[PDB]
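The figures that follow rest on heavy atoms only: side chains count, while hydrogens, waters and symmetry mates do not. FYI, the numbering just counts along the sequence from 1.
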Amino acid sequence: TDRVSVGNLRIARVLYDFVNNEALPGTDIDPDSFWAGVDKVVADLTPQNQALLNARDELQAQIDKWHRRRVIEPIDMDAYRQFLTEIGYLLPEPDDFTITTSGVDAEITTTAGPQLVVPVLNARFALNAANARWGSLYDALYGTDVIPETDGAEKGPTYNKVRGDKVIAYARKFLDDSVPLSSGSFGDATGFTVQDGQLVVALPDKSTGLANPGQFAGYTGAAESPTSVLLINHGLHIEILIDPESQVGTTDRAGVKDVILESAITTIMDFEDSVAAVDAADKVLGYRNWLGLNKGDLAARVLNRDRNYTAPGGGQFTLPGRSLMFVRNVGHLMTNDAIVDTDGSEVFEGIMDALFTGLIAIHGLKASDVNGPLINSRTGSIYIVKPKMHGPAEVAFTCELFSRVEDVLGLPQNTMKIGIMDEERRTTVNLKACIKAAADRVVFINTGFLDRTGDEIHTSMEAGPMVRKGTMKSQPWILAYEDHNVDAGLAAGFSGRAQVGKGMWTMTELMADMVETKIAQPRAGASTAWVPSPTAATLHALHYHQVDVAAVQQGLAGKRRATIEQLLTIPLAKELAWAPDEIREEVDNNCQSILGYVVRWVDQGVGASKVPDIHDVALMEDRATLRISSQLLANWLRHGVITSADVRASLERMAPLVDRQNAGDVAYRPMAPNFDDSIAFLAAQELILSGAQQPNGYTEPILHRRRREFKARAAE
Ligand SMILES: O=C([O-])c1ccc[nH]1
Ligand SMILES: [Mg+2]
Ligand SMILES: [Mg+2]
Ligand SMILES: [Mg+2]
């Protein structure tokens with residue numbers, strides 16, 4: 001139609017122009033050979049990609065059949081596990097080894113701290129995350145519920161001094177716990193001066209330096225009365241801003257205006273579950289943003305420059321002002337019409353992503369203006385997160401794909417590093433082998449709730465009814481999965497070399513609860529964890545100051561805290577474990593999760609936002625929320641727990657609920673009462689009723705189709 005012919009490919013014009021006009025210039029890759037490479041790589045790797053997807057299907061069918069031919073008391077783990085080994089699901093574990101990945105930035109190998117994930121299609125959000133390397137601690141405490149809004153300390157229309165003073169005292173205590181004075185407390189500090197390269201803090205009666213003088217990293221302005229003071233603890237920077245003339249400064253004993261924390265050390269720019277991209281137009285929007293980020297020129301309003309400091313011993317240095325960027329590609333499943341072949345077949349979206357996000361990322365290894373000076377990776381690496389892989393063969397393929405892209409791009413081999421997401425059972429039980437498959441490219445493994453539970457449900461769909469969604473969070477299989485992931489990471493030498501990450505805090509407004517509970521993640525040996533906002537990044541940073549992750553990691557070394565049996569413990573529900581009203585609540589719960597998420601996705605192409613749940617708690621979940629919820633319902637429908645009338649009834653009374661939760665949104669169009677007119681509603685209905693049939697429970701085939709449907713209707 002409006003496509004460009006390159007060998008066997010018919011490339012969508014919008015994509016072809018974008019690449020020639022925006023992505024290629026400055027890379028010194030010849031446009032003609034770039035496209036011949038796209039054509040070659042797509043032709044060479046497409047059959048293996050598809051072979052892998054059929055492998056998934058062959059394995060699931062065998063497992064479905066195993067449960068079906070069985071009666072059978074509870075499952076015999078010797079039998080189950082022997083079966084899994086026979087069919088090639090459970091592969092033998094390789095001998096110990098250390099990963100050999102190199103050329104990796106210090107933000108990933110060394111520094112422990114928060115990690116942001118943001119929809120790359122949203123330019124404002126993406127710029128915010130990139131700028132979230134540094135955040136105001138005062139703003140974070142004042143603005144959220146960490147400082148509780150009791151009587152007197154309420155956020156008003158204007159400054160509340162009672163609340164402000166609380167904020168100040170919270171931070172002072174943090175200073176004391178993080179960068180202690182030889183004697184006294186920051187709570188009594190009256191001033192700061194840099195004297196003989198040391199930091200000197202003035203107390204009402206005396207003066208003192210730091211217990212560990214070396215925690216002093218620098219300052220701004222004159223040593224004799226600095227405008228700010230730079231500290232360091234556990235690899236992370238803390239900056240005390242000093243200005244008596246500022247609105248908070250006047251109130252402060254030492255003229256302190258704010259405390260700034262190094263927060264989001266790295267950010268993942270996401271093309272997968274947090275965005276809605278169903279065609280060439282949507283992909284180009286994403287690719288364009290990814291390009292602006294890497295060239296430094298994205299504006300929505302710009303990217304921050306690095307920060308200037310004076311060394312304690314007089315010199316004059318810089319710190320990065322931007323979060324170091326990963327990109328998350330889509331996984332192996334989906335195709336996309338941005339390129340079709342002569343036959344009209346869509347091309348695998350994962351393959352395209354490597355080619356185009358890899359091409360684009362070259363700009364980030366280069367001076368940004370194009371004069372200067374920002375850059376992403378200074379060590380010369382491109383950092384790609386790859387989600388939803390199943391097993392070491394799927395990881396090997398991603399490496400081979402990267403190898404071939406690097407060739408087309410003229411990059412050295414292994415420039416393209418992989419972040420291995422551990423969110424599918426066949427990866428979890430073969431984790432060590434997956435890490436070995438990428439032993440020279442891997443910079444990251446991580447765990448999460450949503451996708452991994454959905455796969456857990458879909459895999460054992462035929463075994464019986466599963467426990468509630470809430471129950472899933474604390475089942476034996478997931479707790480083993482969490483620990484087993486750290487163990488594999490630490491045993492492959494990730495400490496000092498690569499990130500070991502944990503899941504997203506989805507409750508954007510529940511910051512007090514986050515600060516209280518998310519500390520478990522670094523205590524479990526995770527050198528990074530996912531946060532929903534720059535504000536959450538700043539608050540989660542506190543955890544890394546309280547917890548010596550490096551030491552925690554050294555302590556876990558050599559431990560084996562999860563057995564294959566634990567990992568293989570299917571979350572089946574006990575002999576009829578729910579009262580009727582409990583069943584209804586769970587059904588409502590899941591139907592609302594789907595409706596609330598689906599409606600924004602199908603109608604508006606939003607893949608991530610603050611979606612009020614059934615109790616009006618704001619959650620920022622990604623598409624994986626659709627996978628658990630619909631799989632759970634599909635499972636319950638499959639095993640007689642609920643009826644199809646139950647599902648339709650729930651959908652019909654949760655729908656208008658969702659409507660009014662989206663009241664105050666001008667573009668929003670309600671689903672109720674003409675349900676079978678809403679494409680969103682029908683998408684929700686299809687996810688559930690077709691759920692047991694989606695490959696590995698994946699929701700994109702259905703979601704993408706319905707979103708495309710909607711876009712077509714809107715085009716009249
Ligand atoms: O909850 C999550 O996994 C998530 C990632 C990005 C936005 N939400
Ligand atoms: Mg996921
Ligand atoms: Mg310590
Ligand atoms: Mg199936």
Side-chain angles (χ1 to χ4, degrees), residues 105-108 111-137 139-140 143-144 235-237 260-275 286 289-290 292-294 298 300 303-304 320-329 357 361 364 376-377 383-385 387 419 421 443-444 446-450 499-511 514-515 518 521-522 526-544 607-610 618-624:
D105 290 285
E107 286 76 8
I108 296 170
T111 318
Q115 175 166 87
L116 224 19
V117 178
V118 73
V120 78
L121 261 68
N122 193 315
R124 302 203 181 257
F125 291 171
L127 287 170
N128 283 344
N131 291 331
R133 178 82 172 244
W134 301 82
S136 165
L137 175 58
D139 287 31
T144 70
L236 296 173
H237 290 98
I260 312 302
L261 295 183
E262 204 173 7
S263 317
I265 307 304
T266 66
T267 291
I268 297 173
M269 303 296 177
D270 195 27
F271 282 85
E272 206 231 14
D273 276 6
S274 76
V275 304
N289 291 348
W290 185 227
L293 284 156
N294 275 274
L298 186 70
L303 290 165
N304 289 340
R322 271 157 290 101
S323 201
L324 178 132
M325 301 179 293
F326 288 70
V327 63
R328 182 166 72 179
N329 287 15
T357 74
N376 198 57
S377 172
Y383 305 113
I384 308 194
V385 176
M421 287 192 64
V443 291
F444 171 103
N446 93 320
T447 62
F449 178 50
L450 304 174
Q499 291 180 321
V500 175
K502 294 190 186 299
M504 180 68 78
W505 183 270
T506 57
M507 287 129 298
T508 67
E509 311 313 298
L510 299 199
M511 292 296 104
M514 180 189 80
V515 156
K518 194 175 182 59
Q521 295 177 326
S527 53
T528 205
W530 288 1
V531 279
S533 65
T535 292
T538 293
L539 294 172
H540 182 45
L542 301 173
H543 295 152
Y544 294 89
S609 58
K610 307 193 187 197
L619 305 178
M620 185 157 311
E621 296 169 318
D622 68 354
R623 179 167 56 201

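Taking CD1 of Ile260 as the start and CG of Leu137 as the end, the distance is 8.0 Å to the nearest 0.5 Å. To the nearest 0.5 Å, atom CD1 of residue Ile108 and atom CZ of residue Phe444 are 9.5 Å apart. Here the straight-line distance linking atom OG1 of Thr528 with atom CD1 of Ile268 works out to 8.0 Å at 0.5 Å rounding. Note that CG of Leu303 and CG of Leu127 are 5.0 Å apart. Values are rounded to the nearest 0.5 Å. To the nearest 0.5 Å, atoms CE (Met507) and CD (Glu621) are separated by 8.5 Å. Distance check: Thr506 OG1 to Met514 CE gives 11.5 Å after rounding to the nearest 0.5 Å.
Shown here for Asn128 and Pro534, the closest heavy-atom pair between the two residues is O-CG, 4.0 Å. Closest heavy-atom contact between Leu116 and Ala264: CD2-CB, 3.7 Å. Between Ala140 and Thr538, the shortest heavy-atom distance links the atoms CB-CG2, 4.0 Å. Contact record, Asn329 with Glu272: O-CB, 3.7 Å, taken as the closest heavy-atom pair. In plain terms, the two heavy atoms of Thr508 and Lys610 that are nearest each other are OG1-CD, 3.5 Å. Residues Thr111 and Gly235 approach most closely at CG2-O, 4.2 Å, considering heavy atoms.
The side-chain heavy atoms of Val120 and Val327, taken from C-beta on, include no pair separated by under 4.5 Å. Counting heavy atoms from C-beta on, the side chains of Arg623 and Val275 never come closer than 4.5 Å.
The main-chain N or O of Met325 is found under 3.5 Å from a side-chain atom of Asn376 such that the two form a donor-acceptor pair. Of the possible donor and acceptor atoms, none in the side chain of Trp290 sits under 3.5 Å from a partner among the backbone N and O of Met269. Distance alone, capped at 3.5 Å, is enough to place a donor-acceptor pair between the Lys518 side chain and the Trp530 backbone. A side-chain donor-acceptor contact under 3.5 Å links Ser323 to the backbone of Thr266. A distance-only check finds a donor-acceptor pair linking the side chain of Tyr383 to the backbone of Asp105 [under 3.5 Å].
Residues passing the side chain to side chain contact (heavy atoms under 4.5 Å, CB included) test with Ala526 are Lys502, sequence neighbours excluded. Listed by chain and number, the residues in a side-chain hydrogen bond (donor to acceptor under 3.5 Å, both in side chains) with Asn289 amount to none (sequence neighbours excluded). Partners of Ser609 by side-chain hydrogen bond (donor to acceptor under 3.5 Å, both in side chains), not counting sequence neighbours, listed by chain and number: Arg600. Looking at residues two or more places apart in sequence or on another chain, you find a side chain to side chain contact (heavy atoms under 4.5 Å, CB included) between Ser533 and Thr535, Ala536. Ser527 is linked by a side chain to side chain contact (heavy atoms under 4.5 Å, CB included) to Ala112, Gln499, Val500, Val549, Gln553, counting only residues two or more places apart in sequence or in another chain.
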(request) Just do the side-chain contact (heavy atoms from CB on, under 4.5 Å) check on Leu261 and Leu236 with the steps written out, would you? (result) CA-CA 8 Å; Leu261 295 183; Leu236 296 173; over 6 Å; no
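Among residues at least two apart or in separate chains, salt bridge (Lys or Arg N to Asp or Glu O under 4.0 Å) pairs with a member in residues 262-271 are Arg133-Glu262, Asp270-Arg328.
Enclosure of atom CZ in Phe449 by more than 12 non-hydrogen atoms of other residues, nucleotides or ligands within 6.0 angstrom is indicated.
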